[PDB]
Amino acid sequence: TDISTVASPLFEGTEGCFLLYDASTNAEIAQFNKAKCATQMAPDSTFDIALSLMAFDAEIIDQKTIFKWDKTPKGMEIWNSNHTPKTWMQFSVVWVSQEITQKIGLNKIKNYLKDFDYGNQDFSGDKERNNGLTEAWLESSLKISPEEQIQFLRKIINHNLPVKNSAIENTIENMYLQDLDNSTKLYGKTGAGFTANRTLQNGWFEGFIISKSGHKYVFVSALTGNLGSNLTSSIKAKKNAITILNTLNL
């Protein structure tokens, strides 16, 4: 299951990793760089997957929800508009995530984190800033490893979390991206950020694959590296995942 021959060149210049597991059997299908796989880091926008489960479970959104933009610039042009739960997921609209956390509230988020067994469960935010409610998952206190993300994703698709079944399937639906070359279906989510107080970038791309073979899988592509001042780490993590998945017979 060592796929280093293919994955190494794709992750050159970074500390990267890749994991692919069969969702039903938990069999490891492919791995690159287990040491990086075990290292906890900020989930960044991949935390939206957890927030989506919470929001649907708590019945504060549905698929017809329109998140209303406040007309002020949010940093990225794609963020400067109304959104749906689908486009929230697709474009990692951070202000929607923050609207959602403020609505659920800290203690209830902590309770969900405990139910999800999610990473270090540290939602305290930045030292001395009391900003955890709206920043904890963004290069801050909350950390989770690629291996932990695999098992979280596995729980989701197997309905082994104490949330509404619809909350799970609406969130999965809203992750759908495309089909791959052999028609396998890709459901995924990016996240990226700079490491606090450093120049390093971290990136993720993770999710589900549903094969016409019948098999379902969960995967995680993640990296950390000095890639300059343009945040491209999730672009790279995504690219790499798709390249690697298309080489496989799933």
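Start at 1 and count along the sequence shown; that's the residue number.
- The PDB entry reports B-factors from which the mean C-alpha value can be compared for 188-196 and 58-66; the larger average falls on 58-66.
- Stretches 212-220 and 178-186 differ in mean CA B factor, with 178-186 having the higher one.
- When the C-alpha B-factors of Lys114, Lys164, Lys143, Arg154 are ranked from the entry, the top spot goes to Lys164.
- Among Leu138, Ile150, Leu133, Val94, the highest C-alpha B-factor in the deposited entry belongs to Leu133.
- Residue-level temperature factors show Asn226 in the middle third of its chain, judged at the C-alpha atom.
- Remark: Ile49 belongs to the lowest third of its chain, ranked by C-alpha B-factor as recorded.
- Sort the chain's modelled residues by C-alpha temperature factor and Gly119 lands in the lowest third, per the entry.
- Ranked against the other modelled residues of its chain, the C-alpha B-factor of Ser24 as given in the entry falls in the highest third.
- The entry lists a Cα temperature factor for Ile100 that places it in the middle third of the chain's modelled residues.
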